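**Student:** here come the first chain(s), positioned as in the complex:
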Amino acid sequence: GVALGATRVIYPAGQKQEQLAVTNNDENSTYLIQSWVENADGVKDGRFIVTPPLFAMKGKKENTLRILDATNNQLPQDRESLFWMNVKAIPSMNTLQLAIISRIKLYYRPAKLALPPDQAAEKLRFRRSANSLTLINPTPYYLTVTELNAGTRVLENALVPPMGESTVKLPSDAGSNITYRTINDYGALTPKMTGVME
Amino acid sequence: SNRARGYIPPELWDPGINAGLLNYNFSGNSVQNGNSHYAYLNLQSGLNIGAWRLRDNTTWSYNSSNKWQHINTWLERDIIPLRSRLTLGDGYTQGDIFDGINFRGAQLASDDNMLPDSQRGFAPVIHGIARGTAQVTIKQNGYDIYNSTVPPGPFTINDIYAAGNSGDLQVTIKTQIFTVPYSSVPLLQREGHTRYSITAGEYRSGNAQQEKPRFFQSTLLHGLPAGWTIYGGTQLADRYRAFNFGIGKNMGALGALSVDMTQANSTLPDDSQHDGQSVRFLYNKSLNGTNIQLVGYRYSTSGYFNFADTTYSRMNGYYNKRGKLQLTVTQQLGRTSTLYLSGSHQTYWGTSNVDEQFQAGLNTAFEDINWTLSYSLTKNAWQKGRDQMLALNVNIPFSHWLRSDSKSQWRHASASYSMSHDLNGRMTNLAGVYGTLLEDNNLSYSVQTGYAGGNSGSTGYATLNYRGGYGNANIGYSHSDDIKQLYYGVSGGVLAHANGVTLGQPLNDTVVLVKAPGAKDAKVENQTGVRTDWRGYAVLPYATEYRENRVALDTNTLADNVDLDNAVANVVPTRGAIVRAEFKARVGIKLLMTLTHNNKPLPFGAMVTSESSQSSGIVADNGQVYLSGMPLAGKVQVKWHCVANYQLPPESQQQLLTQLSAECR
């Protein structure tokens, strides 16, 4: 099998290139690894080049993917931008061929940000509508809200865009108390925070 | 015939390369008060021809207020079939059951590192009958230590990870649930596990008066079923004949008790034979708040002398021990603090001399602060001095106050404080700040001003350790009341191999010589300040022996013209093996051509190999082939034949990735 080095890749602004580890643990296997970067909307974008785009991995061999930068400093410097790093592993074999695409997040993080990453998750606020819940995110970071419980019931994870809001379904009988967890840069759930309404 | 977890077959171990070696460690001390200059140069030679490992040590001293002294020489080797080694020449004994002595002769000892990481230490084997196919799950402290599926019939699991004291392994088959508690003593062995240290030669000691007699110190620790561990030995020599025998046991919940009786017929330099005995107990108990009680008792009978005492000079030269009780308690108060209560006691034959050595300690990890309170009562009846020392160490990292994303260099700094009260009026405190400075975290400043309380002279220090890509250096200054020392040391390592001489950081046994021709100044991953030379070779200071290491080149630091084929390589080295991990550094323009043929993009998967410059690349999609190391001209061969020409303007060299479009024939 093939497994990526990290679940999310933080790209600092101005850095020439970033690396992502592609591992293979099966000795008797040949995998053609194809890679590309999509924009936030799932459309292929040529602003980030992943080299080598296509290469073959024989045996227990792991390579490093060099994510080159081609934006020419056009993304906003006051908020993060989200990109989707895609890695497809074609097995170099009436049969059905299965190719796995391990899509991960790729945050383009500008150098100068007011809020530190750790002190940004707790700044998320809440607003309870009649049958929907709105999450205000004044921090310039993308926030991944998981394990979102509104009372005794569990809601669906929402990815709140920076300086924006998202909406999730909210049952009418759910308790007023709201608690949430956020996934940090390392892919580990932060300690439980209480949800202060607005 | 199931293999153990993490098993590297003995067919993948690399003996190394026929390469030389030279490790030098200079040191200087320009004390000022009349100023005396010191210099202690240290040379460690080597020559790894074939599978043998010749070594050598040499020191040169100097004093301003010139003598080459030889120290050691040995030809170590690894005998893979017997899972052992051969330390022909100088060396020292393990001294596990006996007492360690330095010798000059052959030694054939079993090596534990050659076994996988799983079959190390003590961990009981799990037997039993599992009717039909099931899934055994070893439950311990509510954790799945070992989760596997078992075929019908009896099953043996011997790869349980050594978890120290811990608790009980509740085996959960699927459903006869039987528990297997276990404890450990350092001298216990797994089932079927054997060790031996057959030795010979002379007895070499630093003292001048001691003689150099022949001796034969053989040992053996054969594990048995049910946890018993029969271990014996024989330190037979010319005038000293010992026969150590012992038997350990894993009693499960009750703990583990190791007993060994040692009879030694010694002939002291007065030509007076002295028969004796010696009985040693090691008791280990755990999880009684988790009081880890360790008791060690060693009784002796008058006339029992170790080999170090029967090797003295004759009568014209110029109080054997009776019992040594050691008690150790480690209680964890909470999830941060751990209280230590060590203990020691001793008697002597014919005298009431009692050498008590009681040591307490309270170590805490309050948030970032790691404050340690310590207590010591070093008591010797010969001096009748309590020597009570109450020390308080503190450690306040600067990250506790600074931001997390701050670019300031202070983020690596970490303050400190070492209060040291002697309970006699003498007080000593050193309040200093240390941490790394340079961008690559090489340089380490440690300015630590200090004061002493009755003299009242302040004690200043400022060490500057630099762990560079060629050799460590440090210019450490030290100021006191009337002493103004100024250290200056230079380390390094030279590795003269087949392709040339390459300098590097001080070698630590196993080394890895990375060969990357054409790539200059590329940092290797997970190593502080290790960079390739101008030729492209670098020397890794250390690599784990008999394991699978990982050597990688940080692609960020590579030049704008160098692209690597495989940026990660793994090496499995034998002990003392200069293993070569080689990378191909393709130098040239990285161009991403949109290859087309008959106004249709080439099929996905088509191979494109250049002609003028060696390069290759598969066509990703729509004809975007990523060719590295290509010159400003040349042709490409498309095979899926077709040949395409491209012409790069001279401006292409500046651009990191020069995209072009070439129509194939």
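**Tutor:** That came in fine, so what should we check first? Residues are numbered from 1 along each chain as shown, chains lettered A, B, ... in the order given.
**Student:** going by C-alpha atoms from here, please, whenever you check contacts or count neighbours.
**Tutor:** Fine.
**Student:** buried set for stretch B:393-400?
**Tutor:** Neighbour counts over stretch B:393-400 (16 or more other CA atoms under 10 Å in any protein chain shown) mark B:393, B:394, B:395, B:396, B:397, B:398 as buried.
**Student:** give me the residues contacting that stretch.
**Tutor:** When contacts are defined by CA atoms under 8 Å, 6 or more residues apart in numbering or on different chains, stretch B:393-400 is touched by residues B:368-373, B:410-419.
**Student:** how about a cut-off of 7 Å?
**Tutor:** Outside stretch B:393-400, the residues that touch it by CA atoms under 7 Å, 6 or more residues apart in numbering or on different chains are B:368-373, B:410-411, B:413-419.
**Student:** same check on stretch A:88-95?
**Tutor:** A:30, A:31, A:32, A:33, A:34, A:35, A:99, A:100, A:101, A:102.
**Student:** domain parsing for the chain?
**Tutor:** I'll assume chain A. With automatic domain parsing serving as the domain definition, the record reports that chain A contains domains spanning A:2-109, A:121-194.
**Student:** hmm, no, I was thinking of chain B.
**Tutor:** Using automatic domain parsing, chain B is parsed into the domains B:1-82+B:432-512+B:525-552+B:573-581, B:129-181, B:329-337+B:358-431, B:590-653.
**Student:** near chain A, which residues of the stretch 401-550 of chain B show up?
**Tutor:** B:404, B:405 (CA under 7 Å from any CA of the partner chain).
**Student:** against residue A:114, how distant is the residue in the stretch 401-550 of chain B that chain A sits nearest to?
**Tutor:** Per CA to the nearest CA, residue B:405 is where the stretch 401-550 of chain B lies closest to chain A, at 5.8 Å. With distances defined as CA to CA, to the nearest Å, the gap from residue B:405 to residue A:114 amounts to 10 Å.
**Student:** center of the chain - which residue?
**Tutor:** Looking at chain A here, since you left the chain open. In chain A, the centroid-proximal residue (CA atoms, centre = their mean) is residue A:105; its distance is 2.9 Å.
**Student:** oops, chain B please
**Tutor:** In chain B, the C-alpha closest to the average C-alpha coordinate belongs to residue B:544, at a distance of 7.9 Å (CA atoms, centre = their mean).
**Student:** need the phi and psi values for that one.
**Tutor:** phi -60, psi 140 (degrees, to the nearest 10).
**Student:** residues contacting it?
**Tutor:** Under the criterion of CA under 7 Å, 6+ apart, residue B:544 has no neighbours.
**Student:** same check on the one 3 residues further on?
**Tutor:** Remark: with contacts taken as CA under 7 Å, 6+ apart, residue B:547 is in contact with residue B:572.
**Student:** ok, 8 Å please
**Tutor:** With CA under 8 Å, 6+ apart as the criterion, the residues that contact residue B:547 are B:8, B:572, B:573.
**Student:** cool, residue B:331 as well?
**Tutor:** Taking CA under 8 Å, 6+ apart as the test, what residue B:331 contacts is B:289, B:290, B:291, B:292, B:338, B:339, B:340.
**Student:** ok, what's across the strand from the closest residue to residue A:158 other than its chain neighbours?
**Tutor:** When the adjacent residues along the chain are set aside, residue A:158 lies closest to residue A:145, with 5.4 Å between them (CA to CA, 6 or more residues apart in numbering or on different chains). Here residue A:145 shows beta-bridge partners residue A:158, residue A:182, assigned using DSSP bridges.
**Student:** chain C follows; place it on the structure:
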Amino acid sequence: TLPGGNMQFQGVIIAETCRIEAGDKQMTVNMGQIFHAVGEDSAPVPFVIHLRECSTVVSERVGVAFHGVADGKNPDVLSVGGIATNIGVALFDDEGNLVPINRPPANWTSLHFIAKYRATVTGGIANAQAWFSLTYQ
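**Tutor:** Time to bring in chain C:
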């Protein structure tokens, strides 16, 4: 016995993506050779996909989806490309519910799927490729 000094250990631990391993090696699902009405299905063929070497935190929030070349006759069935015509490959979940292809990722440590031939008729060699995309939230 003399006091030493403070020693600080530094390092960072990062998570990793679950490595994908099918029970049938080389990620190949054999279907064998090749319907009174259009839409009838053939003998079921099972294959398993194991998400191993990852913690249960990541493996629970992985969004699974399917992509593939939609058949010309049936947009919701994988096309088979001497080649059998008017047929395709359909994917059914463990519960027996059809899994539409080219759909937004949905939240599903081991995943069982069944591949069945669906008629959209001539026999022949039928080869299809499926993209199994895992979004790591």
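**Student:** let's see the contacts of stretch B:393-400 again after adding chain C.
**Tutor:** Counting by CA under 8 Å, 6+ apart, stretch B:393-400 makes contact with B:368-373, B:410-419, C:6, all of which sit outside it.
**Student:** kindly report the same for stretch B:84-97.
**Tutor:** Residues outside stretch B:84-97 that contact it (CA under 8 Å, 6+ apart) are B:72-79, B:100-111, B:197, B:199, B:219, B:233, B:244.
**Student:** hmm, 6 Å instead?
**Tutor:** Counting by CA atoms under 6 Å, 6 or more residues apart in numbering or on different chains, stretch B:84-97 makes contact with B:73-79, B:100-111, all of which sit outside it.
**Student:** please apply the same query to stretch B:474-486.
**Tutor:** Looking at stretch B:474-486 with CA under 6 Å, 6+ apart, the contacting residues turn out to be B:29-33, B:457-466, B:487-489.
**Student:** let's see it at 7 Å
**Tutor:** By CA under 7 Å, 6+ apart, the surrounding residues in contact with stretch B:474-486 are B:29-33, B:457-466, B:487-490.
**Student:** now a PyMOL select for only the buried ones of those.
**Tutor:** The following PyMOL command selects only the buried members of the contacts of stretch B:474-486, with burial defined by 16+ other CA under 10 Å:
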select buried, chain B and resi 29+30+31+458+459+460+461+462+463+464+465+466+487+488+489+490
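**Student:** out of the contacts of stretch B:474-486, which are close to chain C?
**Tutor:** Checked against chain C using CA under 7 Å from any CA, the contacts of stretch B:474-486 yield no neighbours at all.
**Student:** can you flag which of the contacts of stretch B:474-486 belong to strands?
**Tutor:** B:29-31, B:460-462, B:464-466, B:487-490 (DSSP state E).
**Student:** need these in TSV (columns: distance to residue B:550).
**Tutor:** Putting these into TSV (distance: CA to CA, whole Å) gives the following:
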residue	distance to residue B:550
B:29	39
B:30	42
B:31	44
B:460	42
B:461	38
B:462	36
B:464	30
B:465	27
B:466	25
B:487	36
B:488	34
B:489	31
B:490	28
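**Student:** closest one of those to residue C:17?
**Tutor:** residue B:466 (37.3 Å; CA to CA).
**Student:** now that closest one: how far from residue B:460?
**Tutor:** According to CA to CA, residue B:466 and residue B:460 sit 20 Å apart.
**Student:** for residue C:105, same thing?
**Tutor:** Here the distance between residue C:105 and residue B:460 works out to 64 Å (CA to CA).
**Student:** specify the beta-bridge partners of the residue positioned nearest the centre of chain C.
**Tutor:** The centre of chain C sits closest to residue C:132, judged by CA atoms, centre = their mean, with a distance of 4.2 Å. Beta bridges link residue C:132 to residue A:100, residue C:66, judged by DSSP bridges.
**Student:** so it sits against residue A:102, correct?
**Tutor:** No. In this structure, residue C:132 sits apart from residue A:102 without contact. The criterion is CA atoms under 7 Å, and the distance is 8.5 Å.
**Student:** which ones are touching residue C:35?
**Tutor:** Neighbours of residue C:35 in contact, by CA under 7 Å, 6+ apart: residue C:119.
**Student:** and what about it, helix, strand or coil?
**Tutor:** Using DSSP: H, G, I helix; E, B strand; the rest coil, the secondary structure recorded for residue C:35 is coil.
**Student:** any idea how far it lies from residue C:72?
**Tutor:** As defined by CA to CA, residue C:35 lies at a distance of 19 Å from residue C:72.
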